[PDB]
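This document starts with one chain, in the form deposited in one PDB entry, laid out as structure tokens.
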């Protein structure tokens, strides 16, 4: 007998159950293998995985944020090198770069699922505001015009803010800036992933355009006090006409209707992020699976990773979590005719961009999460009036620390 244990990060209200619903076909076909999941929340996962990699007090397998894979894989003796042990031909090509350490041929993770952030909107709010959501969000400038018409629009006598986005420190702080920087024609690092470049003229143009949506009263300023989960909940309670969110919120809003009669789910659509002067760009994230080098059943652990990559497990995991599969064949399933999920798939395939898969990137995100949240503190005027000039200084200070981190490699 073999007791396979794995850590998972939560994106639903029942993560352990969702997972067991997906691996049940595997366990029914391998009676000598048991699988026990354990939840590790996102804010603790990097610290916990890093500690477990060196102490050996670890499960056999852990989910890992795609942007962290290289950081963990670069830890000597931390993970099983998967190079050649998994068949990557079946995978969506673009998902594989985050499974390797950039500049090496070393694959330390297997892509598990993909996610991007799309523009959710209230159909009823748009109709009343005279906003056509199929056309009026297409570009930065049209998006901004639409927000002005949606600002303070009322549905059933309650005012909505035009755009609700979090500003508090969680991992999504940098993710929510990413595609504004990209769409302006900037990037976080050079091609090699070895120096920071997000104080460039173009990067700052994107930072200024996005952050000043709140200065101008279009993005809701009080919501910048809150984190992603709180703003997701607020949108589900009707607080905002629009919000940029991942696909998993659809599970939450569907449950809110089933349990509470909250019909928000029936009032929303989703469209791609607005196009900037560089063309359209979107955040590409998701998670990979890795096998700890300390695993005493690497044969079974590797067997379980291959099952998670099977067409049926990918379809079923996508159904329960709303995440996108990383296996091309899953998308032939009728389920992906869904009007909302189609948007996330088209956006990530055509316009998705993932960070450089470098070992220092995980540590960089810690600095991004604290550093860039100071931009929202500036906008929120908690220490003096807002000024763009203070944002520029915040960004330059973050860049210096990122460069020192990248130089450790």
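Residue numbers count along the first chain shown, from 1. Throughout, rigid core stands for the largest set of C-alpha atoms superposing within 1.5 Å between the two forms.
Of 82-90 and 317-325, the one with larger mean CA B-factor:
The recorded data point to 82-90.
Of the two stretches 240-248 and 139-147, which shows the higher Cα B-factor on average in the entry?
Result of the comparison: 139-147.
Per the PDB entry, which option out of 359, 352, 371, 59 has the greatest Cα B factor?
Highest C-alpha B-factor among the listed residues goes to 59.
Based on what the PDB entry reports, which of 180, 121, 336, 253 has the top C-alpha B-factor?
Comparing C-alpha B-factors across 180, 121, 336, 253, the top value belongs to 336.
Taking the values exactly as deposited, rank residue 209 by C-alpha B-factor within its chain and report the matching third: lowest, middle or highest.
It belongs to the lowest third of the chain when residues are ordered by C-alpha B-factor.
Modelled-residue ranking by C-alpha temperature factor, third containing residue 271:
Within its chain, residue 271 is a lowest-third residue by C-alpha B-factor, going by the deposited values.
Consider only the C-alpha atoms of the modelled residues in this chain, order them by B-factor as the entry records it, and name the third containing residue 55: lowest, middle or highest.
It belongs to the highest third of the chain when residues are ordered by C-alpha B-factor.
Sorting by Cα B-factor within the chain, modelled residues only, which third would residue 365 end up in: lowest, middle or highest?
Residue 365: CA B-factor falls in the lowest third of its chain.
Ranking the modelled residues of this chain by C-alpha B-factor as given in the entry, is residue 175 in the lowest, middle or highest third?
Lowest third - that is where residue 175 ends up once the chain's C-alpha B-factors are sorted.
The protein also exists as the form deposited in another entry; that form is not presented, and the subsequent description refers to it.
Following superposition of the rigid core, which of 216, 201, 259, 141 is the only residue with a C-alpha displacement of 2 Å or more between the shown form and the other one?
So the residue whose C-alpha moves 2 Å or more is 259.
Exceeds or equals 2 Å, Cα of residue 343 between the shown form and the other one, core fit:
Residue 343: C-alpha displaced by less than 2 Å between the shown form and the other one.
Core-superposed C-alpha of residue 48 shifting 2 Å or more between the shown form and the other one
After core superposition, the displacement of the residue 48 C-alpha between the shown form and the other one reaches the 2 Å mark, so yes.
Would you say whether residue 311 is displaced between the shown form and the other one, judging by a C-alpha shift of 2 Å or more on the superposed rigid core?
Residue 311: C-alpha displaced by less than 2 Å between the shown form and the other one.
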